[PDB]
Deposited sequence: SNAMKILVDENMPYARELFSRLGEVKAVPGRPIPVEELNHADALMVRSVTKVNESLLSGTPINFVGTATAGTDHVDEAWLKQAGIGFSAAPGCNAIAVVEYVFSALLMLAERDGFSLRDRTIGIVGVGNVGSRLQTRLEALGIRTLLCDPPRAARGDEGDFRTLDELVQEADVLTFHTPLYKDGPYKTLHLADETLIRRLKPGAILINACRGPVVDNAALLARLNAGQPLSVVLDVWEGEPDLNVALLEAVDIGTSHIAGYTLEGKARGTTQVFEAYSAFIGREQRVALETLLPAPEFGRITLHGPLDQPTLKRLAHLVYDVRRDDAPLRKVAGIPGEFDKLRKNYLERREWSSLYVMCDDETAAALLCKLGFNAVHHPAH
């Protein structure tokens, strides 16, 4: 008469949390416990399907990821088995990766970020959060999301062609669709890339094939005035290395990797499961996380661009992941080795900022720092 919850043994905080609801056995991502369990919380490694579950009493499957590729959500729901992913769990990580790249390019190239026009392609978990933060800085942002538009969501949704005409930063946050009216495979092909404004910045931290890597390379090689930030590559793990040499920032598909991010995976699945069994519970994310290296800092004066750059980069400077990828890119095994070995990264909210300036604190909070004003 209590629930037996199997959790993956390398899933952070899983034992801590799930015991608020039942007995936890930690399985490596083993038959005997499956047939005598009521719930299963997994990571990407475990294919979840009829094969593995049919016949068991398992009544709920949580996956601690934004992704769901490795699960057949369909069969479970067909079967009456509750399911939950952790959508958006890594979203803030990507937004701060994007901000980290932009603030570096803004200093390196002597331009003013508040002056840019930013087109967001895909306004979902990642793009909507990016929109919120760009707006708080008063940066004009153009939104492109034909599905949301078609479905009747509110907002000023423009066409991709419109974004290409008006933006000088273009960032992609769509899924990978290979056909249909919303096809995103090679959404950024030679024709689109070629129309990009002089000095435009192209950012792809979503899925590799959304950008045609060979065409992008060719335009860069012909001298198109264009800056590029890539976190995802066609052909991963065997990226186009020549392309890496021509981009301003390339990293090994680590944009989503923060500590807070891994912990939200476990956290959301906990909350869904707690709701599933009539015991809705929430969890302080700060109760779980170890203190970061730099926890508190004072700020004197207004927030300006260089001040914001020093703040974000104190937490995460994208160049620390760019440099090691350049050192090993054409060596088989190494791309994947940099993901497995990924070093601890925190989010801006882990940093407590004490501002004597009221406006700097208001702005920092809207950017996602834990900022306060000191009268």
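Unmodelled regions of the deposited sequence, numbered from residue 1: 1, 31-33, 380-381.
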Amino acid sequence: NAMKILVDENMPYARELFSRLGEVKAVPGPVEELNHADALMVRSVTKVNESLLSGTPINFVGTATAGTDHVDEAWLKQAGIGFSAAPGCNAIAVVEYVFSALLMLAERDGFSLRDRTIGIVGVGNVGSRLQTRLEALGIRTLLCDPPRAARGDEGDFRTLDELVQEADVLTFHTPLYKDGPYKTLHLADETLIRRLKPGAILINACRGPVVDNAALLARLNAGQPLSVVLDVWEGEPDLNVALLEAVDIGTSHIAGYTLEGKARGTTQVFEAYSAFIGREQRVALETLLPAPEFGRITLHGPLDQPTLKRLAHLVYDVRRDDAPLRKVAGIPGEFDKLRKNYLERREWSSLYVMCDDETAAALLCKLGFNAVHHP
From here on, numbers count along this sequence of modelled residues.
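Mean CA B-factor, 270-278 versus 228-236: the higher value falls on 270-278.
According to the PDB record, 69-77 carries the higher mean C-alpha B-factor of the two stretches 211-219 and 69-77.
Looking at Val318, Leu34, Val61, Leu325, the one whose CA carries the top B-factor in the deposited record is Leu34.
Comparing the C-alpha B-factors of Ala85, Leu288, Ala136, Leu202 in the entry, the top value falls on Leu288.
Ranked by C-alpha B-factor against the other modelled residues of its chain, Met11 falls in the highest third. Per the deposited record, the Cα B-factor of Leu21 falls in the highest third when ranked against the other modelled residues of its chain. Ranked within its chain, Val283 lands in the highest third, by CA B factor from the PDB record. In the deposited entry, the Cα temperature factor of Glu154 sits in the top third of values across the chain's modelled residues.
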